[PDB]
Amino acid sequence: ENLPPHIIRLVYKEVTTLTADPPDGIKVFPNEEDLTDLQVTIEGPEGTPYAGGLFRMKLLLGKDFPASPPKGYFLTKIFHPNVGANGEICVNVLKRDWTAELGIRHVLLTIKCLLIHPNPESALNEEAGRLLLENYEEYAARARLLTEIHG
């Protein structure tokens, strides 16, 4: 696991809370064997090109969590300015205004909100970023089509 013992206890508390009282459109599926590898699903919000899809993702809690944010991957394929070719979520997404008081609930809200409002100024998917900024309806069409297949 490689987390300080009181951090493991805080993570256990938080994930157990998120299983019992999940945020809207988010589900967490903890594995008690390893709480640092967290499977999550986020519903694509209505009013976005991801509407109707279920987006599987993984959070990896590194040894410095929560001084540092976790790493996040989309396991569901997605056409999103801030999601790289291997599914990695752009590190500035979670680093911006990150403090050690933040946890998994914050990460998950930040990622869900990123589906509504990408940040194309820092696009890892340069094609998706350019389309969003320059021809929004074409970005949306491409993201919708991939959601139809993969979500």
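Note that residue numbering begins at 1 and tracks the sequence as displayed.
The PDB entry records a higher mean C-alpha B factor for 32-40 than for its counterpart among 99-107 and 32-40. As recorded in the PDB entry, 7-15 is the stretch of 7-15 and 127-135 with the greater mean C-alpha temperature factor. Among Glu46, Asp64, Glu88, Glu121, the highest C-alpha B-factor recorded in the PDB entry belongs to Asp64. When the C-alpha B factors of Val93, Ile116, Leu54, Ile26 are read from the deposited coordinates, the top value falls at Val93.
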